[PDB]
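Reviewing the structure listed below.
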Amino acid sequence: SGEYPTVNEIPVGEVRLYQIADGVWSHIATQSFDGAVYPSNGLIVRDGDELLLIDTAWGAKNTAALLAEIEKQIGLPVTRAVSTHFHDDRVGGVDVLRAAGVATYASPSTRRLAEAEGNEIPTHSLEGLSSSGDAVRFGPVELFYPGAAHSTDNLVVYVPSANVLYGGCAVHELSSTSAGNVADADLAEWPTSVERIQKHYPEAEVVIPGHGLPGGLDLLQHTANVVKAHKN
Ligand SMILES: C[C@@H](c1cccc2c(-c3ccc(NS(=O)(=O)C4COC4)c(F)c3)c(C(=O)O)[nH]c12)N1C[C@]2(C[C@@H](CN)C2)OC1=O
Ligand SMILES: [Zn+2]
Ligand SMILES: [Zn+2]
């Protein structure tokens, strides 16, 4: 009924959309992993009469449900997708997208990591993102590589028309107490990577984490704090 949708509110297999700003939505789905259920976010950005998708909905069936929810709620075709790192919450569903006519993209680093680990592999490589601080335009967004954080390949996404910063899994929600799933993280570099985000996007108005509730710029400092404490 209008609040941001939470883990116990979304059965695994269903997807909900949340309007963030004019022409910007997040998508929210839930998935089981190692015997626990988690929510996860992605982004949808209007690109004229098409849509740009950021991240899958964490699995094939969830991503099919995402496409159906977009058709119901928005009714414009998803033509391109970018995955912001190599984990299944970002690429699981890429095969569904590709067979639905979506062109799928990720950095070469993400593509290599996905391939090596047995995750689904986006089709197209995004060059120009291999050094921290790099940025490239992609339709209505800017893609930014902040450096290693949650993963070595993690990208963030900025929507300049709306000052929306999609941090993906490099950014945690305000309620977080731990740094989430740190299996592939660089805890030592993560605060430096967040500092690069803070410096590059000082006018961000909405910050969206990879999992959990959007907020403002405080998500970035909170993330740095939780990561430093986890490491400590
Ligand atoms: C698919 C993804 C994954 C799986 C399960 C959970 C998560 C979380 C996560 C976990 C917990 C909380 N929120 S919480 O519970 O409230 C917490 C904060 O305070 C207390 C959360 F928000 C997110 C993240 C994330 O952190 O992005 N990713 C996850 N994989 C799997 C893999 C690959 C490796 C294979 N060896 C392991 O690594 C990953 O990331
Ligand atoms: Zn991850
Ligand atoms: Zn994640």
Side-chain angles (χ1 to χ4, degrees), residues 4-10 12-13 15-16 18 26-43 53-63 66 81-96 106-107 109-122 145-157 165-187 189-191 193-194 197 207-215 218-232:
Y4 200 82
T6 64
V7 72
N8 296 292
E9 274 152 24
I10 301 173
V12 179
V15 175
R16 291 293 179 266
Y18 183 89
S26 64
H27 62 84
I28 314 85
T30 56
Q31 187 56 269
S32 173
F33 178 85
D34 286 24
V37 169
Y38 301 88
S40 79
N41 298 319
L43 205 69
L53 182 63
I54 312 297
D55 291 327
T56 69
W58 198 354
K61 291 178 79 168
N62 280 356
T63 299
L66 168 63
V82 172
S83 293
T84 61
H85 68 276
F86 74 101
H87 290 163
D88 197 42
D89 60 320
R90 311 292 128 195
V91 298
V94 151
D95 294 345
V96 163
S107 76
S109 179
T110 297
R111 299 180 71 255
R112 286 187 283 279
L113 292 166
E115 184 182 14
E117 299 247 328
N119 295 340
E120 295 165 38
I121 308 158
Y145 176 53
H150 167 82
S151 64
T152 56
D153 60 323
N154 55 24
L155 299 180
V156 314
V157 180
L165 177 59
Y166 175 85
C169 303
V171 174
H172 281 282
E173 74 175 321
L174 290 174
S175 67
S176 65
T177 61
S178 79
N181 197 327
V182 296
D184 292 323
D186 185 334
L187 296 176
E189 278 292 343
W190 197 332
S193 298
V194 164
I197 302 169
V207 178
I208 304 168
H211 306 264
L213 303 192
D218 283 13
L219 276 66
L220 301 181
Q221 188 60 48
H222 180 66
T223 297
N225 293 342
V226 154
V227 175
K228 295 146 151 163
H230 183 293
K231 194 192 183 210
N232 289 345

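One-based numbering, in listed order, for ligands and for the atoms of each. Just so you know, these numbers use all the heavy atoms, side chains as well, and skip hydrogens, waters and symmetry mates. If you read the sequence from its start, that first residue is 1, and numbering goes on from there.
Between the side chain of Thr152 and the main chain of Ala148, no donor-acceptor pair closer than 3.5 Å is present. Listed for the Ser83 side chain is no donor-acceptor partner under 3.5 Å among the backbone atoms of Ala106. For the pair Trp58 (side chain) and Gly92 (backbone), a donor-acceptor distance under 3.5 Å is absent. Of the possible donor and acceptor atoms, none in the side chain of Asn62 sits under 3.5 Å from a partner among the backbone N and O of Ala29. Judged by distance alone, the side chain of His230 and the main-chain N or O of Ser178 form no donor-acceptor pair under 3.5 Å. In this structure, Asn154 contributes its side chain and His85 its backbone to no donor-acceptor pair below 3.5 Å. Formation of a donor-acceptor pair under 3.5 Å by the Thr30 side chain with backbone atoms of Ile10 is found in this model.
Not a single protein heavy atom sits closer than 4.0 Å to atom 16 (O) of ligand 1. Distances from atom 13 (N) of ligand 1 to the protein include no heavy-atom value under 4.0 Å.
Any N or O atom pair closer than 3.5 Å counts here, and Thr177 shares at least one such pair with ligand 1. Polar contact check, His211 against ligand 1: a nitrogen or oxygen pair lies under 3.5 Å apart. Residue-to-ligand polar distances place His87 within reach of ligand 1: an N/O pair is separated by less than 3.5 Å. For ligand 1, the polar-atom distance check finds an N/O of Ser178 within less than 3.5 Å of one of the ligand's N/O atoms.
Residue contact check: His172 has heavy atoms under 4.0 Å from atoms 26 (O) of ligand 1. Set against the non-hydrogen atoms of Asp89, the atoms of ligand 1 under 4.0 Å away are 1 (C), 2 (C). Close approach to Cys169 involves these atoms of ligand 1, each under 4.0 Å from a residue heavy atom: 27 (O). Residue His150 approaches ligand 1 through these ligand atoms, each under 4.0 Å from one of its heavy atoms: 25 (C), 26 (O), 27 (O), 40 (O).
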Checklist entry - Run the side chain to side chain donor-acceptor pair (under 3.5 Å) check on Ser26 and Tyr166 step by step: do they pass? => result CA-CA 9 Å; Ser26 64; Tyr166 175 85; over 6 Å; no
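For atom 10 (C) of ligand 1, the nearest non-hydrogen atom of the protein is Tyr38 CE2, 3.7 Å. Nearest protein neighbour of atom 5 (C) of ligand 1, counting heavy atoms only, is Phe33 CD2, 3.5 Å.
Within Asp89, the N, O or S atom at minimum distance from the Zn ion (ligand 3) carries the name OD2.
The heavy atom nearest to atom 9 (C) of ligand 1, out of those in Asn41, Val182, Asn181, is found in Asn181. Taking each of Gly212, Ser176, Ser40, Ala183 in turn, the one with a heavy atom nearest to atom 36 (N) of ligand 1 proves to be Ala183.
In summary, the side chains of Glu9 and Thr6 do present a donor paired with an acceptor at a separation below 3.5 Å, with no hydrogens or angles considered. With 3.5 Å as the limit, one finds no donor-acceptor pair spanning the side chains of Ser107 and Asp153.
Taking the six-membered ring for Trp and thresholds of 30 and 60 degrees, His150 and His87 have ring planes more than 60 degrees apart, a perpendicular arrangement.
Under 4.0 angstrom from ligand 1, there are no non-hydrogen atoms of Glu117. With a heavy-atom cut-off of 4.0 Å, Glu173 does not touch ligand 1 at all.
The Zn ion (ligand 2) is the vertex of the angle joining ND1 of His87 and NE2 of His150, which measures 110° to the nearest 10°.
Residue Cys169: no N/O/S atom is found under 2.8 Å from the Zn ion (ligand 2). Counting backbone and side-chain atoms alike, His211 contributes an N/O/S atom closer than 2.8 Å to the Zn ion (ligand 3).
The minimum heavy-atom distance between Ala114 and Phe86, with the atom names listed, is N-CB, 3.6 Å.
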